[PDB]
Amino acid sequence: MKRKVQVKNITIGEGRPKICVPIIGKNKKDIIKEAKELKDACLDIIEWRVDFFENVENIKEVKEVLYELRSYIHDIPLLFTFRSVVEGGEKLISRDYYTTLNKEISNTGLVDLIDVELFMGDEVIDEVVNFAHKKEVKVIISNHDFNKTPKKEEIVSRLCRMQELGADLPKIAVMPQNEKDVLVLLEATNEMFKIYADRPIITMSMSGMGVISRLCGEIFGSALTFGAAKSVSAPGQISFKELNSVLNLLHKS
């Protein structure tokens, strides 16, 4: 009754939640060094957090890294994400360029998924999505709130809008100010998963307090969880290796 998102040998939205490991190097040497350490590691998808790449405004240099990166990762699903400043990024860039970066990178045929930020707008979203599906690229439409956890109804409403915008995978990250906020996130996730969701969704409650939301996706509905290699790409992620053992332990419980 729900659609699944297949990327290579990985089926998002079925079985145990899929582990995604970010690459956050500031330069080609470190990025390649990062990719080499993950080739034979136990994980499902790799996310290139390009917002960390120092020459990110130079599209040719971004492609150069992308080529070399695919050579080492060959058939591991690869998500491309430029996380903007409003949603936790550190590099500021034009909105016209955010579109160009995502389109040009989508056009290479080298990325399997691309992340597009909801707030960025219908104009930006529709163009990135239409062009990503041209090349069979799956799209994550994402939304992050680093200060608050909206009410469950509001969270559900955002995941629904993302779905209307053609997102192959709606994604929402929220920040708890208390323990109950964490449960509100889980509550909205399962209501979405059971009643309104039409495909897989990705959700998380950030920081140490909401870490449970990164582990219990199999019961509650989040199809993908992010684990860190050396350093964190978002507050609350634990090492991908420990995430793998916890997900496996819960798969047989």
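Counting begins at 1, following the sequence as shown.
Note on 183 to 191 vs 54 to 62: mean CA B-factor is higher in 54 to 62. The PDB entry records a higher mean C-alpha B factor for 30 to 38 than for its counterpart among 30 to 38 and 200 to 208.
Among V174, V129, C160, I141, the highest C-alpha B-factor recorded in the PDB entry belongs to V129. Out of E153, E136, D168, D145, it is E136 whose C-alpha atom has the highest B-factor in the PDB entry. In the PDB entry, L69 places in the highest third of its chain by CA B-factor. In the PDB entry, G121 places in the highest third of its chain by CA B-factor. Ranked within its chain, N178 lands in the lowest third, by CA B factor from the PDB record.
Ranked within its chain, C216 lands in the highest third, by CA B factor from the PDB record. Sort the modelled residues of the chain by CA B factor and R16 lands in the middle third.
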